[PDB]
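Structural features, examined
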Amino acid sequence: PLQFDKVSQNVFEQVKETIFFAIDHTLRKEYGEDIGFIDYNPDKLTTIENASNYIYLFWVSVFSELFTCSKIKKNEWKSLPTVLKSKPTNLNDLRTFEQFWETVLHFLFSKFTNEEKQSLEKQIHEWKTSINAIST
């Protein structure tokens, strides 16, 4: 209702940063020096659409391995629904957004360090509570 937008952008912009971190880290670890050679430039990982396209392009080589214990297939990243690609304008969309990316960030962190994984849990908790602390 009234209180909605500050926590809308707050989750959205943090989810974005976390997706970008996860994609950056995984690509740099696979390819190292050769990241310009395989067309990953950190600028421009500016949109969720860019990130999705990266998961799509590097699916067979890098990302499907991270998704082994998921039902998510390659085609899911070809074109995400807009609810998943943009800032939530309602509570339903915000829960849908946060829930999808929570599950996904888990797989994208699945080979990170125990530390980075704890850091993700901490961030997820803050997202949920800031969301779950809105009923009308």
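Residues numbered from 1 in each chain as written, not as in the entry; some residues may be left out. Heavy atoms only, no water.

Structure determination for this PDB entry is given in the record as X-ray crystallography, at a resolution of 2.300 Å.

Because the α-helix completes a turn every 3.6 residues, residues three or four places apart line up on one side. The terminal C-alpha atoms of helix α5 (residues 91-108), which comprises 18 residues, lie 25 Å apart, in line with the 26 Å expected from a rise of 1.5 Å per residue. For α5, the complete set of buried residues consists of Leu94, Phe97, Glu98, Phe100, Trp101, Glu102, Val104, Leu105, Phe107 and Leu108. (Helix = DSSP H or I, 4+ residues; strand = E, 2+ residues; numbered from the N terminus. Expected span 1.5 Å × (residues − 1). Buried < 20%, exposed > 50% of the residue type's maximum accessible area, 1.4 Å probe, protein only.)

Although it is not a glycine, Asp39 adopts a positive phi angle of roughly 60°. Note that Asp39 resides in the loop between α1 (4-31) and α2 (48-57).

In this section: the packing of α1 against helix α3 (residues 59-66). Running from N to C, α1 and α3 point in directions that differ by 125°, and their axes come no closer than 11 Å. With respect to each other, α1 and α3 are oriented oblique. In this structure, the crossing between α1 and α3 has a hand that is right-handed. Contacts from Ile23, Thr26, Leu27, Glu30 and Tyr31 of α1 reach α3 at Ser61, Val62, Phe63 and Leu66. Within the contact of α1 with α3, the residues separate by chemical class into 6 nonpolar, 2 polar and 1 charged. (Axes fitted to C-alpha atoms, helices over the stretch in contact; angles between N-to-C directions. Parallel < 35°, antiparallel > 145°, perpendicular 65-115°, else oblique. Left-handed = near helix turned anticlockwise from the far one by under 90°. Contact = heavy atoms within 4.5 Å. Nonpolar A, V, L, I, M, F, W, Y, C, P; charged D, E, K, R; others polar.)

Turning next to the environment of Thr96. Checked against the element boundaries, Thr96 lands in helix α5. Along the primary structure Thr96 and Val83 are separated by 13 residues, whereas in three dimensions their C-alpha atoms are 7.6 Å apart. The contacts of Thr96, once residues within four sequence positions are left out, are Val83 and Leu84.

Side chains of a nonpolar character, in soluble globular proteins, are inclined to be buried together. Membership of the largest hydrophobic core comes to 42 residues, with the highest contact counts inside it found for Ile19, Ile23, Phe63, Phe67, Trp77 and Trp101. Taken together, the elements giving at least two residues each to this core come down to α1, α2, α3, α5 and α6 (114-132). Looking at this core, the element that brings in the most residues is α1, giving 10 residues. Once residues lying within four places of it in the same chain are set aside, the contact partners of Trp77 are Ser52, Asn53, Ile55, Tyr56, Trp59, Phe67, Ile72, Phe100, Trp101 and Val104. (Core = buried A, V, L, I, M, F, W, Y, C linked by side-chain atoms within 4.5 Å.)

Tallied over the full model, the rule gives 6 salt bridges. Here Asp24 and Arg28 are joined by a salt bridge, their closest N and O atoms 3.2 Å apart. One end of the pair is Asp24 and the other is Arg28, both in helix α1 and 4 residues apart, which spans about a single turn. Given a relative accessible area of 41%, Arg28 falls into the partly exposed group. When the shortest N-O distance is used, the salt bridge between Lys85 and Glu49 registers 3.9 Å. Linking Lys85 in helix α4 (residues 82-85) with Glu49 in helix α2, this pair joins segments that are 36 residues apart in sequence. (Salt bridge = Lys/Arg side-chain N within 4 Å of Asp/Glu carboxyl O.)

Our focus in this paragraph is the environment of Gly36. Take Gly36: it is sitting in the loop between α1 and α2. In this structure the C-alpha to C-alpha distance between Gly36 and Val83, which are 47 residues apart in sequence, comes to 31 Å.

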